[PDB]
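One structure below.
Because only heavy atoms are used, hydrogens play no part in the values below, and waters and symmetry mates are left out as well, while side chains stay in. We name chains A, B, ... by the order of the sequence lines, and we start the count at 1 in each one.
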Amino acid sequence: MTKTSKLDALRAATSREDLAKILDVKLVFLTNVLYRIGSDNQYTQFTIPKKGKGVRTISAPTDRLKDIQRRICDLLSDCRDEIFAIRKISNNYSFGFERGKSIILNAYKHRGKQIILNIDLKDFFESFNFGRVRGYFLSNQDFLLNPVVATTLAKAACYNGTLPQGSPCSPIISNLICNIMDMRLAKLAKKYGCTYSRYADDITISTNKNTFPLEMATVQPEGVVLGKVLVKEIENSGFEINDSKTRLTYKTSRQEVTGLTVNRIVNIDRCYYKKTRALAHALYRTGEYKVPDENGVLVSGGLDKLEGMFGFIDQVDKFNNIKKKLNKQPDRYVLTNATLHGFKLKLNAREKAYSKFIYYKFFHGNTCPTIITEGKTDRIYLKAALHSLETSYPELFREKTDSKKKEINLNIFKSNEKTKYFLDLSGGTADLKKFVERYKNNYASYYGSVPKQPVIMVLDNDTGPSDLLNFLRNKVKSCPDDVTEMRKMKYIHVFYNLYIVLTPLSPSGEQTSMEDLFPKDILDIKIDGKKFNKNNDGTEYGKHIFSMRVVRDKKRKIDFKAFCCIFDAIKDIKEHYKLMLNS
Amino acid sequence: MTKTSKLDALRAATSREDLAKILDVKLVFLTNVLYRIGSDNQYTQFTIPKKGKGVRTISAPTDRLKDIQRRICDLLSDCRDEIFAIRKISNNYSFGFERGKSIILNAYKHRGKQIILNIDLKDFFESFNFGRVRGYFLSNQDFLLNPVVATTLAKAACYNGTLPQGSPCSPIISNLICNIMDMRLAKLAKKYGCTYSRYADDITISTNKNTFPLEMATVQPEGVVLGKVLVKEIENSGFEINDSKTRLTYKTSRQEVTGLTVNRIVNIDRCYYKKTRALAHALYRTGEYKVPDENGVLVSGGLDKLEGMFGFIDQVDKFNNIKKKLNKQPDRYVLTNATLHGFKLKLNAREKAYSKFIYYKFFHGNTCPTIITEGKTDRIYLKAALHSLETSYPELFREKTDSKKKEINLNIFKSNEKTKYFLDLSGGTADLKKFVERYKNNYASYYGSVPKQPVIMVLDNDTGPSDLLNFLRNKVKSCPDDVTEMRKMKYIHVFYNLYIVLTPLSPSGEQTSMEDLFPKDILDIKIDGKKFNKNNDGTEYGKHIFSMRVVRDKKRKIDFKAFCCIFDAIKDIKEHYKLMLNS
Amino acid sequence: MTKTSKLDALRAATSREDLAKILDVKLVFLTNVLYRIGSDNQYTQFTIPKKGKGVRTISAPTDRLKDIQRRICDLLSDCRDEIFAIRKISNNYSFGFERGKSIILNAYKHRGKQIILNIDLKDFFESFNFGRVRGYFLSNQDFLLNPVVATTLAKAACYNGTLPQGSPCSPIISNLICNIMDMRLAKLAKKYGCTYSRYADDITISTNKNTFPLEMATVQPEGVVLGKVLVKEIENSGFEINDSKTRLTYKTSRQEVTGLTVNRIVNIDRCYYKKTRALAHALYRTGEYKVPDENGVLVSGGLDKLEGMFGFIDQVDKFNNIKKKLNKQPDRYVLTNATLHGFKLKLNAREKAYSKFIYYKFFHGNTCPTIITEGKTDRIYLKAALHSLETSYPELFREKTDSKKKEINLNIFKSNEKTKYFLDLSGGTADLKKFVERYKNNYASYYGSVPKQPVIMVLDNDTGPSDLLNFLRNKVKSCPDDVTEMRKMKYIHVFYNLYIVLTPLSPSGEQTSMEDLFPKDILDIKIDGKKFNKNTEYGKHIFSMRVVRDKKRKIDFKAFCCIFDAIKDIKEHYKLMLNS
DNA sequence: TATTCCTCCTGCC
RNA sequence: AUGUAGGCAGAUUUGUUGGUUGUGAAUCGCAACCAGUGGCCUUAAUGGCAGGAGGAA
DNA sequence: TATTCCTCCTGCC
RNA sequence: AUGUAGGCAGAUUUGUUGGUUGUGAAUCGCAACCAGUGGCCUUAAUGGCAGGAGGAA
DNA sequence: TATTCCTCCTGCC
RNA sequence: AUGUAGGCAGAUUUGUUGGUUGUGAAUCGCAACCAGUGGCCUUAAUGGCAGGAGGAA
């Protein structure tokens with residue numbers, strides 16, 4: 001329990017009652033799912049098409065066997081972690097279905113190697129039969145389970161005397177039983193001077209030798225023929241080889257480990273990144289991009305899918321950056337210390353494409369108005385205020401599938417390290433000034449596309465926006481005469497779709513920030529006997545604690561009367577932009 | 001004819017009358033040249049020696065036949081261009097005698113290939129016999145000329161059976177009839193993974209394989225043996241292979257395509273550039289260099305023989321610069337804010353030698369005074385004046401070849417993009433001040449040789465050189481504690497051979513420019529109601545329009561008398577420098 | 001004396017008296033040493049252990065034959081230099097025991113080569129028998145010595161039918177007699193396209209070819225086998241080949257020429273440099289490092305040993321730096337806008353380690369206080385003052401060998417180009433300000449080690465150190481509060497072990513320097529009728545060289561005790577701080 | 001011739 | 001007023017792979033640099049693992 | 001299954 | 001109130017050489033890049049040469 | 001042992 | 001005063017190719033880096049093509 005003695009609890013168990021307690025399910029429910037309704041009668045088969053005529057068949061547990069198997073998976077994952085701790089070892093050979101392991105680390109193991117050999121195991125899960133699972137639980141030290149517990153686990157895991165593909169616990173059991181082959185193959189590889197790794201049923205054996213060892217594989221004119229020692233090592237561990245998938249790749253072609261290039265660095269497939277580039281280009285250009293859904297029929301993809309692809313590329317990009325940092329050797333020379341558009345000089349071409357896509361997502365292809373604020377707390381204030389006045393502004397909300405789960409119809413931009421890296425927007429005022437400065441070129445970079453929604457920058461009055469106001473006056477000149485009239489106006493219209501909303505002044509014309517919009521009954525509340533500092537100048541608590549324990553604290557019953565103004569402005573802006581699209 | 005239907009006119013031609021009309025020559029003259037006087041009785045043979053005591057014989061036509069053949073060459077070149085346009089193809093395989101093609105593009109085709117194969121065709125022009133020329137004009141589907149026109153073209157184009165080397169129309173006919181072999185060899189090369197190109201009779205076949213294809217050529221233990229397929233392709237097209245000139249070159253030796261190195265980039269032969277470097281060095285030291293003549297005895301060789309070699313090298317340098325600009329790999333950089341002598345860091349060694357030579361030509365090895373004037377209109381005024389007062393100043397003129405053509409004996413320096421690139425003289429005041437700054441080092445860089453002529457810097461009085469003069473009194477000390485008195489003498493001697501000449505001051509000593517020298521009668525002469533803005537800084541015609549119209553145009557007979565001061569100063573400077581040299 | 005005439009004098013000599021006069025010894029002593037007392041009886045014999053089962057035996061002259069052979073060695077070295085000069089040639093195939101030649105140049109001859117062949121000659125000196133030396137001295141042009149002189153030289157230079165390993169003259173004689181094989185092998189190597197060099201008995205033949213010429217050496221299953229041509233060219237020159245030492249090295253292994261890596265540049269062995277790095281690290285962490293001795297037991301080892309190791313590495317570093325300077329590549333680019341710690345951007349890793357060691361030597365692990373100054377003559381003034389006041393301050397002195405060799409215990413820091421390169425201390429005041437700025441980080445860099453001695457910056461009064469005083473007021477703030485009283489103290493405590501000592505301020509308050517501390521009469525001294533410039537004039541250099549340095553006048557140091565008592569007060573203060 | 005939980009997307013197997 | 005004539009098209013236009021980087025009206029091209037002319041799997045969930053984008057408390 | 005000594009240390013052979 | 005069972009550890013975790021550069025609580029590791037999967041010697045003085053750190057006249 | 005001509009020079013074939 | 005002798009000169013000094021870059025009292029050399037130890041053509045107009053240097057209109 002608590003990542004300390006789950007394995008001890010499992011070993012101590014002597015009956016299905018103990019096992020049911022460990023899994024945290026009733027004994028009646030467990031033995032009803034497993035035995036009353038035989039586990040062999042709770043699997044549905046589906047198919048994944050394969051280009052090689054046939055298809056890949058997946059057996060999946062129905063509803064409740066799946067829950068029991070997920071519990072077994074959690075138990076066995078914790079047990080494996082504890083075994084690793086006890087034996088004082090680390091996972092260096094298995095990457096497939098392992099916690100803390102990814103395809104990136106598996107590829108990194110073989111980065112830059114002269115020759116790479118790829119083997120695939122035939123019918124990986126069908127090879128783990130019921131006898132093998134039960135025998136592993138009975139015989140392998142560190143488990144040595146009592147017969148009843150081991151048999152119950154084996155029956156809850158297996159379908160037709162083998163591990164099904166779609167069972168949640170099959171991955172971990174496969175890892176546990178394939179550790180034997182892992183160690184044998186690691187010994188063999190180290191013997192013949194090769195790096196070895198596995199990812200599910202995908203074995204990679206690389207070497208820096210110019211010729212692969214003859215005991216591992218030879219390149220006959222017929223093709224790649226695995227050596228007898230390696231083949232017998234794999235077959236003596238109870239697995240077969242898919243002879244039609246054995247590859248031997250030299251440095252002069254693309255060396256791929258589990259989908260990633262390893263010729264020089266761990267990289268994405270160039271074809272994949274270029275296709276993501278082209279899909280983003282198509283989205284910017286017309287209004288969308290098309291992908292095949294099931295049978296080659298081109299259907300429009302969503303922003304979610306393209307963002308997921310870009311994030312997949314960015315995972316490898318970020319890994320490479322983190323690795324490059326540890327090697328960076330300081331150098332001489334200087335530059336402009338970044339300028340307008342000078343923050344993209346540090347970015348890749350892939351990272352430049354991702355930056356452009358993120359900017360599009362937030363400011364050019366946004367499907368709802370995007371609100372930019374000037375800090376980490378204005379977002380919480382705006383969200384709370386809009387939630388309180390939901391009925392006052394119905395048009396600022398969307399509707400879910402008839403469950404009263406209404407959501408805010410806005411993109412409240414959240415600035416963090418990632419938007420600082422890609423967009424150059426960490427929430428500072430200088431950052432917003434540079435944002436406005438570059439807005440023209442950023443807008444132009446999207447192939448004449450016209451955003452359908454406005455981008456509203458809601459920020460304080462006279463507190464932060466002074467240089468920005470000077471820039472607006474001296475450069476934009478969106479109005480015939482504007483010096484301080486827009487310093488006190490319902491809103492502003494800077495550029496194509498960019499608007500700015502300043503916090504309304506007091507009746508006396510005072511310069512009031514966003515927090516002044518709360519009633520006086522709330523600004524004076526003391527948390528732990530600490531006076532709420534006015535905004536942040538200062539025994540006192542800053543705006544962070546104010547937002548966390550006052551504004552978001554719904555029990556305090558904060559009335560957002562003097563917030564309606566701001567929301568009203570946004571509403572009007574929406575209509576205004578529509579008129580622009582109608583003119 | 002619109003650059004599209006000259007081929008149409010040739011097709012429509014049906015008699016010698018139509019051909020003569022197309023050529024724009026009287027029919028009687030054409031028939032006289034071709035028939036009354038045998039075309040074979042209008043040729044002269046001369047020789048070019050060959051390394052192996054050999055002879056390259058050239059048959060060249062006389063003037064009357066050469067004019068007709070030049071007209072035919074122009075006609076057929078237009079026809080070839082129109083055929084290329086019509087078939088919607090480009091010229092990618094032929095470079096020898098082609099418009100818009102050079103050896104640079106020929107070499108660029110093979111810029112970095114692993115193996116080059118060079119073949120040369122024996123007796124290239126003696127294989128285009130009369131039958132081939134006449135038949136090509138008869139049968140090619142783009143010509144299908146009437147038999148009489150084709151016969152007359154082949155008669156004019158041909159010496160006794162075959163094309164003569166020296167005929168103007170032989171090259172274009174060679175290209176037209178060698179396109180057949182070009183296509184055949186292009187197909188053959190594409191089959192065996194090789195780039196193919198031709199330049200006259202110089203065939204290059206390059207490949208990136210480490211072994212040249214066995215069917216194209218092999219390296220036997222006797223030399224290069226051409227594959228039977230390639231030999232048969234060349235011979236079936238009616239050409240012979242000069243077996244003594246077949247070469248196969250690896251990247252370990254110099255790979256040459258029509259005179260240029262193609263190992264990594266398209267470059268000049270290193271020996272040639274080094275020899276040009278040495279020739280310029282000899283010129284700087286002793287005032288002359290020596291190159292062999294026809295008889296074998298060394299002779300001086302002028303500044304135009306050199307400076308043609310420099311231009312030949314600069315052609316390749318400029319081509320490479322353009323390509324680098326195309327790629328340019330933009331990234332961070334800091335040039336250290338530039339400096340004196342900092343403009344030469346962007347130049348490679350070859351361009352540095354060229355820039356040094358240009359500076360020697362214009363400021364250290366002049367055969368006559370060099371006049372440097374800021375801008376681009378002052379030299380126009382100076383040339384017009386010096387032409388107007390030719391009688392007044394005979395010593396400022398030199399005679400031409402035979403009867404009489406007197407010309408300004410002064411290098412009126414012209415500033416342009418090339419001068420800014422190589423010398424850092426774009427025609428501004430700042431560049432002129434930097435020129436004066438560097439003059440001492442530039443003078444010292446020429447191995448102690450003393451210029452034989454002055455360098456006169458003609459400038460307006462204090463309007464632009466306000467800063468320059470400060471330098472002359474802050475670092476140079478050219479005058480004894482002079483600040484504003486120096487703006488009152490007809491000439492100034494900065495140092496060495498560098499003199500300055502400011503515009504004479506007005507009667508009241510007011511600041512003035514050389515433009516004010518023009519009489520005020522012709523000052524306005526406004527045309528179309530637009531006044532001529534003298535300073536072009538107050539739709540008023542600028543300084544260029546005024547210069548062209550008023551100054552360059554005759555029929556006004558401008559009274560050039562205010563410019564007599566500048567020429568008097570030039571005479572005084574010449575006398576001063578002559579006296580100084582005699583010291 | 002007249003190296004060119006020595007060759008003529010030797011080849012003109014005809015009697016043992018002439019040879020003795022050339023060697024500058026009395027004929028009686030020479031002939032008594034060489035003949036009366038057997039030359040074979042004046043040789044001690046000692047062994048050096050070998051890694052294998054063998055041992056290297058060395059026979060060395062006792063003490064007097066050693067002197068005779070030293071004179072002969074100098075004579076023959078001058079003769080060889082003259083023979084090089086007259087022949088209008090230079091040495092290119094031998095680096096060995098040759099003047100002006102080193103292992104660095106020997107390795108540089110073979111720098112980027114594809115394959116390196118290393119041969120070692122067996123029993124090098126044992127192959128130069130007496131007959132061979134005499135025959136060379138007799139029948140070789142450019143010497144053509146009289147048989148008496150040649151026989152005397154051979155008798156002096158030879159053990160029983162051999163050249164002693166420990167004889168001060170065996171090196172040069174071996175070089176002269178191996179020149180024949182040098183030319184033969186140089187021509188042979190040029191024939192087959194190879195660089196050839198010899199260093200004593202270490203022959204290196206290198207080629208840029210990917211296959212070594214079959215006539216020179218070939219790789220068979222047995223190993224490396226030298227070709228017949230090369231083996232005969234060596235054997236017919238009267239030398240043997242140590243076959244077990246023959247090596248052929250491709251670029252995929254460490255290519256070593258006389259101890260140095262050759263693969264890409266001339267470099268130190270990486271294992272050696274890393275070992276020195278680790279030894280310095282152990283010295284910084286603990287109080288000392290350890291190294292094995294002859295008997296196989298670890299011992300402390302002094303700063304001298306580690307300093308020598310670092311200097312050996314720095315020799316190659318400096319050679320590479322000079323070559324890189326020669327090649328160079330002009331360009332424009334900012335260099336970190338100078339700033340602090342930027343001077344280490346020009347140093348590579350080895351040079352950074354050496355710089356750290358030098359800084360530790362002079363400021364952290366110093367065994368005596370280190371005096372820093374702002375100029376070259378300040379330290380001379382302090383040294384003269386301490387030498388004159390030896391009896392007054394025995395506490396600032398130590399016995400080197402106790403043989404009345406008492407010497408200044410104060411480690412008076414001296415500045416030069418090397419300290420500017422490795423420490424950024426050229427003596428300028430701004431450099432001292434930067435030094436005080438960096439002192440904190442430099443102190444922290446030695447793994448919490450506590451210095452055992454102070455470090456005193458002796459400067460003048462508010463003349464140049466004004467920047468230092470401003471920095472101390474606006475930063476550090478050792479004292480709670482000060483405006484200008486810092487200029488008037490016995491000493492100032494700045495950091496852990498760093499102190500500043502200003503001169504005794506004038507009673508009226510006028511700023512003073514080292515010169516003002518001298519008596520008025522001493523400052524007024526004039527040489528060649530020239531007054532001494534405060535800062536027809538004399539600079540500080542002449543003042544120091546002729547006035548302070550020269551004890552002819554028994555010059556008096558009056559305003560020099562005060563700084564000495566200040567130094568002793570600093571010593572006591574730091575001792576108390578350590579004992580705190 | 002700040003640390004949970006709950007939707008959706010990507011990728012590998 | 002003119003003034004002989006011998007063979008053109010196997011009918012027509014930028015060889016190619018990979019990797020790294022940059023860039024482009026881009027579901028893929030182009031340019032540079034490095035290495036080349038072996039072979040080869042390739043519509044991966046509803047599950048595991050590693051991530052990504054949001055929303056609530 | 002600055003030009004002479006003296007002491008010490010390093011490295012190669 | 002619950003409910004069959006047929007094979008695991010040949011018992012357990014980061015293959016390796018050289019060069020260059022950087023770096024590290026370090027008598028040796030680690031990372032980057034380059035080239036790879038041949039062989040091999042190593043206790044180097046009291047002598048010579050090449051240097052380094054100082055002290056004195 | 002202005003966009004037209006004219007002169008000269010370089011290079012390739 | 002003196003204080004024995006056994007063979008060297010095959011008689012003399014920086015192996016070399018190409019590319020790229022830099023540089024030099026230079027018709028060529030030198031240095032760095034990259035790749036090596038195959039072969040080999042070379043006096044190119046008065047013609048064509050591609051350029052360069054100038055002058056007039």
Side-chain angles (χ1 to χ4, degrees), chain A residues 31 35 48-49 51 58 60 87 89 92 96-97 102-103 131-132 135 151 166 168 171 180 183 190 193 200 209 245 247 252-254 258-259 263 275 278-279 281 304-305 307-309 311-312 315 327 329 349, chain B residues 31 35 48-49 51 58 60 89 92 96-97 102-103 130-132 135-136 139 166 168 171 180 183 190 193 200 209 245 247 252-254 258-259 263 275 278 281 304-305 308-309 311-312 315 327, chain C residues 31 35 49 51 58 60 89 92 97 102-103 131 135 166 168 171 180 183 190 193 200 209 245 247 252-254 258-259 263 275 278-279 281 304-305 307-309 311-312 315 327:
Chain A
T31 37
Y35 291 101
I48 300 165
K51 293 187 189 179
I58 309 292
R87 282 180 174 274
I89 41 160
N92 297 305
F97 305 123
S102 60
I103 54 155
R132 289 178 67 175
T151 301
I180 302 145
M183 308 282 102
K190 193 195 222 310
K209 305 180 177 180
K245 287 193 175 0
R247 291 199 311 292
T252 42
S253 33
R254 186 200 170 214
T258 316
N263 286 80
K275 189 164 176 181
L279 292 170
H281 178 73
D304 45 282
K305 177 195 279 254
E307 181 141 31
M309 297 165 73
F312 163 63
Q315 208 190 352
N327 144 50
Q329 314 175 344
Chain B
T31 285
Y35 294 109
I48 301 172
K51 168 171 175 186
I58 304 298
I89 43 161
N92 302 305
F97 306 117
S102 56
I103 64 171
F130 175 86
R132 287 183 75 175
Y136 181 91
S139 312
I180 298 143
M183 304 292 77
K190 172 125 190 141
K209 314 186 186 182
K245 285 177 201 321
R247 258 149 29 84
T252 42
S253 35
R254 188 206 171 214
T258 313
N263 275 72
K275 188 157 183 173
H281 187 63
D304 60 356
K305 174 180 256 64
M309 311 193 239
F312 163 60
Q315 222 197 345
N327 164 272
Chain C
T31 41
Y35 296 104
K51 181 177 182 175
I58 307 295
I89 59 180
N92 299 308
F97 320 90
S102 62
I103 59 153
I180 300 137
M183 314 303 303
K190 170 137 196 156
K209 292 165 184 203
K245 301 274 187 195
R247 300 175 67 225
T252 49
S253 322
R254 167 166 186 255
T258 313
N263 280 77
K275 176 89 171 308
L279 291 179
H281 180 73
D304 40 281
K305 184 179 285 246
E307 176 83 288
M309 298 165 79
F312 162 60
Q315 216 198 336
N327 184 41

Quick one: which of I/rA9, G/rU13, E/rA32 gets closest to the side chain of B/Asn327?
-> E/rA32

Go ahead and name the base partner of I/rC28; Watson-Crick or wobble counts if both distances stay under 3.5 Å, otherwise write none.
-> I/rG24

Taking atom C1' in both E/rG47 and E/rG24, what distance in whole Å separates the two?
-> 41 Å

Please indicate the pucker of E/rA44, north or south, going by the torsion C1'-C2'-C3'-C4'.
-> south

Based on the glycosidic angle (syn within 90° of 0, else anti), state the conformation of E/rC8.
-> syn

Does any N or O donor sit under 3.5 Å from an N or O acceptor when you compare the side chain of A/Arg247 with the base of E/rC40?
-> no

D/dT10 phosphate, OP1 or OP2, under 4.0 Å from A/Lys305 side-chain N/O | yes

In whole Å, what separates the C1' atom of G/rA32 from that of I/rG36?
-> 28 Å

Atom-pair distance (CZ on B/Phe130; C1' on E/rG6), nearest Å = 7 Å

Can you tell me, in whole Å, how much space there is between the P of I/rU20 and that of E/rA35?
-> 16 Å

Report which part of the nucleic acid B/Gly135 touches: base, sugar-phosphate, or nothing (heavy-atom distance under 4.0 Å, all strands).
-> sugar-phosphate

Hey, does the base of G/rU20 sit stacked on G/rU21, as in ring centres below 5.5 Å and plane angle below 30°?
-> yes

Just checking A/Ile180: base, sugar-phosphate only, or nothing, at a heavy-atom cut-off of under 4.0 Å?
-> base

Ranking E/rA26, E/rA44, E/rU13 by distance to the side chain of A/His281, first place goes to E/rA26

Based on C1'-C2'-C3'-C4', put the sugar of E/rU17 on the north side (positive) or the south side (negative).
-> north

At under 4.0 Å between heavy atoms, what does C/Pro168 touch on the DNA or RNA strands: base, sugar-phosphate, or nothing?
-> sugar-phosphate

Evaluate the base stacking between G/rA25 and its strand neighbour G/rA26 against centres under 5.5 Å and planes under 30°, returning yes or no.
-> no

Ring pucker hemisphere for E/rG7, per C1'-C2'-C3'-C4' torsion | south

Give A/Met309 one of three labels, base, sugar-phosphate or nothing, depending on what nucleic acid heavy atoms sit under 4.0 Å from its own.
-> sugar-phosphate

Between I/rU13, I/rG18, D/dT10, spot the one nearest the side chain of A/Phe312, thanks.
-> D/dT10

Contact class for B/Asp304 (heavy atom, under 4.0 Å): base, sugar-phosphate, or nothing?
-> sugar-phosphate

Side chain of A/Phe97 only, please: which of D/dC13, E/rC8, I/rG47 is the nearest?
-> D/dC13

Select base, sugar-phosphate, or nothing to describe what A/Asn92 touches, counting heavy atoms under 4.0 Å on all strands.
-> base

Could you check how far CD1 of B/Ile48 sits from P of I/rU46, rounded to whole Å?
-> 8 Å

What about A/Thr252, does its side chain sit under 3.5 Å from the base of E/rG19 through a donor-acceptor pair?
-> no

Checking E/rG18, D/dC12, I/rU27 against the side chain of A/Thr258 (C-beta onward), the nearest is D/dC12

Ignoring the backbone of B/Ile89, work out which of G/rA9, E/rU12, G/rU21 is nearest its side chain.
-> E/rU12

Applying a 3.5 Å limit to both distances, which nucleotide forms a Watson-Crick or G-U wobble pair with I/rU13?
-> none

Adjacent-base stacking, I/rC33/I/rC34, criteria 5.5 angstrom and 30 degrees | yes

Between G/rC8 (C1') and A/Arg132 (CZ): distance, integer Å | 8 Å

A/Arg87 side-chain N/O to G/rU12 phosphate OP1/OP2 under 4.0 Å | yes

May I have the distance from C/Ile58 (atom CD1) to G/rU43 (atom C1'), rounded to whole angstrom?
-> 14 Å

Of all the nucleotides listed (G/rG47, G/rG38, E/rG51), which has the minimum atom distance to the side chain of C/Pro171?
-> G/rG47

Syn within 90° of 0, anti beyond: I/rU20 is anti

Just checking, are the bases of G/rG18 and G/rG19 stacked by our 5.5 Å, 30° definition for the six-membered rings?
-> yes

Rounded to whole angstrom units, what separation is found between the NZ atom of B/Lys245 and the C1' atom of H/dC12?
-> 15 Å

Please evaluate the base of G/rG19 for a donor-acceptor partner in the side chain of C/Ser253 within a cut-off of under 3.5 Å?
-> no

Report yes if a donor N or O on one partner sits less than 3.5 Å from an acceptor N or O on the other, where the partners are the side chain of B/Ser102 and the base of H/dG11; otherwise report no.
-> no

Among I/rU13, G/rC8, E/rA50, find the nucleotide with the atom closest to the side chain of A/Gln315.
-> E/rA50

Tell which nucleotide pairs with G/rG18, taking only Watson-Crick or G-U wobble pairs whose two distances are both under 3.5 angstrom.
-> G/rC34

The correct pucker label for E/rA32, given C1'-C2'-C3'-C4' positive equals north and negative equals south, is north

To the nearest angstrom, the NZ-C1' distance between C/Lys51 and G/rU42 comes to 5 Å

Determine which nucleotide pairs with G/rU4, using a 3.5 Å limit on both distances of a Watson-Crick or G-U wobble pair.
-> none

Sugar half of pseudorotation for G/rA45 [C1'-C2'-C3'-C4' sign: + north, - south] = south

Choose from I/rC28, E/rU43, I/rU43 the nucleotide whose nearest atom is closest to any side-chain atom of B/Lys275.
-> I/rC28

Can you tell me which stems DNA chain D forms when a stem means 3 or more consecutive Watson-Crick or G-U pairs under 3.5 Å?
-> D:3-13 with E:47-57

Please determine, for I/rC40, whether a Watson-Crick or G-U wobble partner exists with both distances under 3.5 Å, and give it or none.
-> none

Closest to side chain of C/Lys209, choosing from I/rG15, E/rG38, D/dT10 | I/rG15

